[PDB]
Amino acid sequence: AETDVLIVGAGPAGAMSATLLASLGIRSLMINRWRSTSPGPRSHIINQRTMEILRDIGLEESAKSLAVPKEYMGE
Amino acid sequence: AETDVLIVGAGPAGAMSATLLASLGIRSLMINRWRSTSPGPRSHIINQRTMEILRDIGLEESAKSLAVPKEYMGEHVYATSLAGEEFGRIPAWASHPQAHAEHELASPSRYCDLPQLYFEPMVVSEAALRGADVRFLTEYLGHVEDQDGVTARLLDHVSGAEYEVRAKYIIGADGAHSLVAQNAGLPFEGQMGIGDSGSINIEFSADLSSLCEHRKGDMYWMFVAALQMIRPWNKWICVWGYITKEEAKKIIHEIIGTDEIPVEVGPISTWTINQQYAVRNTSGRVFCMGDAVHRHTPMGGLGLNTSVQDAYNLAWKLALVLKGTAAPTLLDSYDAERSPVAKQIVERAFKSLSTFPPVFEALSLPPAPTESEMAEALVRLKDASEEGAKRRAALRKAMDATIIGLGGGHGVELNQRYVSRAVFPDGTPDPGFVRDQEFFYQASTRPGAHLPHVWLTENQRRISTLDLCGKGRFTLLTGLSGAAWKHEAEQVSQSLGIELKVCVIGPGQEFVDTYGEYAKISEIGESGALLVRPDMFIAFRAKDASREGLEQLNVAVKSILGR
Amino acid sequence: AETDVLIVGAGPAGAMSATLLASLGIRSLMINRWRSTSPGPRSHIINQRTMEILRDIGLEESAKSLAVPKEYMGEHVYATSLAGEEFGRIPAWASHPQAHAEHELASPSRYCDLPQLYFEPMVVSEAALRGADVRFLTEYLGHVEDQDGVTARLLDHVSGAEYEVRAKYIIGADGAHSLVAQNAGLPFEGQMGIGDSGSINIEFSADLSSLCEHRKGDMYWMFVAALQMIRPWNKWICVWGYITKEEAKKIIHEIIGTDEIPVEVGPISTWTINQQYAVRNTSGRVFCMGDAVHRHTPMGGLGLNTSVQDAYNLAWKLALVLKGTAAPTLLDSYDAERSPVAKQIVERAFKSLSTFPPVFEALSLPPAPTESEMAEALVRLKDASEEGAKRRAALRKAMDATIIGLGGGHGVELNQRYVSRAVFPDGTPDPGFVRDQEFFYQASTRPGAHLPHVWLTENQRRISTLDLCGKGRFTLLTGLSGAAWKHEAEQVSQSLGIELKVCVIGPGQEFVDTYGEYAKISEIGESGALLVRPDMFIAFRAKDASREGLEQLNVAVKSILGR
Amino acid sequence: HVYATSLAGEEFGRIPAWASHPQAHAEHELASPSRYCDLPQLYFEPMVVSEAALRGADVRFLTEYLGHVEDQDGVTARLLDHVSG
Ligand SMILES: Cc1cc2nc3c(=O)[nH]c(=O)nc-3n(C[C@H](O)[C@@H](O)[C@H](O)COP(=O)(O)OP(=O)(O)OC[C@H]3O[C@@H](n4cnc5c(N)ncnc54)[C@H](O)[C@@H]3O)c2cc1C
Ligand SMILES: Cc1cc2nc3c(=O)[nH]c(=O)nc-3n(C[C@H](O)[C@@H](O)[C@H](O)COP(=O)(O)OP(=O)(O)OC[C@H]3O[C@@H](n4cnc5c(N)ncnc54)[C@H](O)[C@@H]3O)c2cc1C
């Protein structure tokens, strides 16, 4: 097996790297020890830097559709 | 590599099977030749059967969040170009208020638009999280059955390795050129579908809100090319019957009928189908489903939906046999119940094509007009003569008849009628359909029919009869005077080691017949009982709670399970 | 003081009358005995005919802003108390999906809930701005007709002065004890409606959204007291059949079934009603409308809606005669067309009352049950026996039958059928009704029927056939092959001095038969014509554009105008 | 708030009117439970006049004040009634 970039892990950091790299034409292979994406919710707060990245790569609208908006989070 | 069920293919039928199986505790391994879920949207119409399945396995809300709702789908426009003049419209996807009432009455769920592009990763994701092993870049090469299982082989497109994966059953979910169906030796029929011409599909991005927002429609047809919404109203796809350069940008610009709004051409695809259906879908330990056994035209959006329902018929059955709760003969009902649906949709999807020629004939246009020939057609259409009046009426009659493949086929969608060893007949004759069975759904609680939807209440909140059932288990529905069913069901349940959940609907119970709609729909007295399979179909119906009525419960379950 | 029309009364019929007349250029003076528009909510159900009228005169969007929409009115709950246990619900105000379609198909408008408390000042204010003189604290004492007009005596409750007014016509919109109907000598029939019966109303404030938000309804009936939403869900009012001090707060608490949500007792009123109808509504120069000619129960909410429609029938007619465009015989059609509606609704509102007793008979209660008797009837209702099953079904049958006064009377609301000199017969016989004419609307384009609603498009935007008409003028509707109507209408208009707009609906026109629903609904060929009165009733129908067809328009309009 | 040549012409620029800038919006939201809205007098007027009448005020249009004369205990005004003359 050959590739330009081997990405070990498929959580947020690995998945994001893979998406960006593949968007740039770079061959990559992303691997994960387990069966699935993480079963637990684990981490829920999405700050503006991350939403900006999603916006740039075109996943913001889809992110917003699954996400509980800001006005539900205040109290 | 070992597993109970090897699932070849990870589109709607495979992904759905994996999710259902993993939900039932069954070890499975799902494979896919390619890198990803399908790149194209391909198939967008989600009928009520599919939404009900998503509802049962808990993905409906998430399905609804990504999906364009029903009220955006109604305006089907026939015109010259998007910014040109309309010939007229038909109310598509049951947007006519009467169609809409029939629609809402039939299910707790609704038409939506969700391209395959989003549906697949959604379901493949859940499959993997519920327990299914999922492995892409891996190709089924062949298999060998023997008395205890199968031992197919795989080509691993990442490591280059090739290995074997023993399994108790194989599901062939591998599409329009299913190698699993060939190997299993399934007979096909009805190849005659008119020359098997492909279509061409051009993706593109452009903001067409100003031409669309006021007549919200799922698709705009031009006289024939279909301009189809992917996202309202900026992502699109241009489609028509059948190489092309980035010249396709010109084609689009005339289909839009105005080269003013910026267009950004995406990928270009070709689809060429061969219309056929499998006469049988089962052979030994091999079970096929989806495009693998029913391949047809897009008219009606029956493919993805029937595919997913194939998977819903089969999973709970595999699970019972694998658990030993059911004899392996329960699996014979898969072919008996799903194969008639397979021929029904190929034939139906084909029959709809013939509703378009008449549109041209009304226009007095040859199977293929010229520019000047079309232009004259529109002039003749505004003719203030008695003959021009006859022509406008002829055009309207022809347009109206295209509804059958654009939302009008409700009966086709929902009127499943199962006859098999997994439906215990109640002795009544088939009541048939009072109205056209293609156009109109007729609810029935006779064994073999899907359970009818009605609203009950739980905590003064509306809940569907459907939401009482499913969950991969047999549910028995009765009323206060059918109190005895609770006990019979328990006895039956211990004997057979099979879970059946009983709901006594009535005043002061968990579930209340608050509108009386259940008493109205059930077709039997209050103390009657309906037995509902994991896939929502009724398999047994008792007309009361008398001795003989109750005694028959055990007999029925014992007959459904093959024991 | 001098005016063209004196309008005694400023509730719905009087106010609507003043608004329409001012919109038509007619000087009128509207008076009211009291200080301000009706203090109480006093009736809340707005039907579609009324919304159509508000649409025509441009107050619909405004009415919809203050009103509670249809989706909030459907859950009609029968229970012990709000916080107690439901007996069941029925789908009120056409909330069942089949009832909802039938509703949506009949009109561009919808049921809403708008208390008279708000409706009144909205219309009175528009009367004043459009040109009507409005004078409250002013009481009509009597009048004396002569050959040229009438001279009424008024008592000014601000200045104590008493003065006269000279007018050409009087409208008696002065309510259930109309002194204008007395002096005009109008005969009344049907006094027989039980012993005279009155109800009591207790306004109160309280946040009951926790018992109401999950089951949104216009009413909650407790077994009989009605709990009625004024504003969702904090302004309310108890109603029930018939002095009371702040003990009214114990009643309320008992109706709510809990004393845990803070309450605030407002005004306490009674209402009497002596059910009768006027057999004739016209005497010389005096015209009565509203409660003044039809007095009845609130079942069905036909009162305010019929009253407003009384005024819509009359206004354009007074205007045409006052302008000399029409002979005074045109006013004869007011009684011919509206008096049958008057008897119809008194009898209907009364007949609905007899749908309630059977609810109690099903519970095997008596006309009036004790607290023990009521708690025994609930126990019997939860009985797990065949005898109990029969009782639950008997209750459901009885409850369902009460729907006729709670949104089921679509036919009553819409099936007006006028026969008079202001409707020119077309030679066709009365086709009657295929289904029950009380429960179901049947659209018709035969002269004497309201113009049917369908959707055309203007600029690719939906517009109702109704929105092409009205505006206080005659409108003639035809299609492309009926182009000749344009000229024939011009000649009639010039000779008779009457405005009649022609609309040629069809491809390329200002109004397009986009869905073909006009061709479907018109009942005649494309070149046929429909003539629509200012009040939306069809007064003339030609089946084509032939010579004899065309020549008849003049005769028709002449005949309608009394000329 | 748009400054332009014509509605369908070309903007010179815009400014954030009626506290629409986010900082202006916060300052606004912090000062009161209420907000700016646009409601023409054409509608505001009949809404309040009608509430005056229902709450207890006597309301008399077509009636003109001509003058008055104050004394120690009250005032006596002369009105001209434009309906009755
Ligand atoms: C380009 C295109 C456009 C379409 N447009 C429409 C439309 O507009 N309307 C409509 O109603 N339908 C449309 N369809 C049909 C459609 O996508 C459905 O019928 C449905 O996807 C079929 O479900 P499956 O899940 O049964 O098929 P598939 O979606 O094809 O799933 C088959 C799976 O098996 C995999 N596979 C195949 N062979 C092997 C192998 N040897 N080893 C391992 N894996 C294998 C495939 O990669 C895939 O994962 C279109 C199809 C295509 C290709
Ligand atoms: C207390 C009460 C409760 C009601 N509750 C309901 C209900 O729950 N549901 C329902 O469907 N209907 C209900 N109604 C009936 C209802 O309000 C109407 O049918 C409608 O108001 C009648 O319209 P009018 O415009 O025809 O009647 P009115 O609204 O009564 O108009 C009569 C007008 O003339 C004025 N007037 C009377 N006499 C004179 C005079 N001599 N000189 C000058 N002015 C005069 C009156 O003040 C009033 O302004 C209720 C009525 C009342 C009184």
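These values consider heavy atoms only, across backbone and side chains, with no hydrogens, waters or symmetry-generated copies. Reminder, nothing fancy here: chain letters follow the sequence lines and each chain counts from 1.
For a residue to count as touching a neighbouring chain, one of its non-hydrogen atoms must lie under 4.5 Å from one of that chain's; by this rule B:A519 does not touch chain C. Neither the backbone nor the side chain of B:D544 comes within contact range of chain C; no heavy atoms are under 4.5 Å apart. Proximity to chain C is limited to the side chain of B:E85, based on heavy atoms less than 4.5 angstrom apart. At a 4.5 Å heavy-atom cutoff, the contact between C:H214 and chain B is made by backbone and side-chain atoms alike. For B:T514, the parts sitting under 4.5 Å from any heavy atom of chain C are the backbone and the side chain alike. Interface residue B:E517: only side-chain heavy atoms are found under 4.5 Å from chain C. When heavy atoms are compared at a cutoff of 4.5 Å, B:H103 does not approach chain C at all. Only the side chain of C:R215 comes within less than 4.5 Å of a heavy atom of chain B; its backbone N, CA, C and O stay farther away.
Counting heavy-atom pairs closer than 4.5 Å to chain C, the top-ranked of the candidates B:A389, B:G88, B:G482 is B:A389. Among B:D383, B:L480, B:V77, the residue making the largest number of heavy-atom pairs under 4.5 Å with chain C is B:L480. Counting heavy-atom pairs closer than 4.5 Å to chain B, the top residue among C:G479, C:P97, C:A101 is C:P97. Chain B forms the most heavy-atom pairs under 4.5 Å with one residue out of C:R396, C:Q98, C:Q460, and that residue is C:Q460. Between chain B and the residues C:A545, C:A393, C:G516, C:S527, the largest count of heavy-atom pairs under 4.5 Å involves C:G516. Each of C:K520, C:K382, C:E102, C:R392 has some count of heavy-atom pairs under 4.5 Å with chain B, and the biggest count is that of C:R392.
Residues C:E104 and B:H96 have side chains not in contact (no heavy-atom distance under 4.5 Å, counting atoms from C-beta outward).
Looking at C:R462 and B:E75, a side-chain N of the basic residue comes within less than 4.0 Å of a carboxylate O on the acidic one, giving a salt bridge.
Dense packing is recorded around CD of B:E213, with more than 12 heavy atoms of other residues, nucleotides or ligands lying under 6.0 Å away. Open room surrounds NZ on C:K390; 12 or fewer heavy atoms of other groups in view lie less than 6.0 Å from it.
We find the CD-CD distance between C:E526 and B:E386 to be 7.5 Å, quoted to the nearest 0.5 Å. With rounding to the nearest 0.5 angstrom, the OG atom of B:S481 is 11.5 Å from the CD atom of C:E387.
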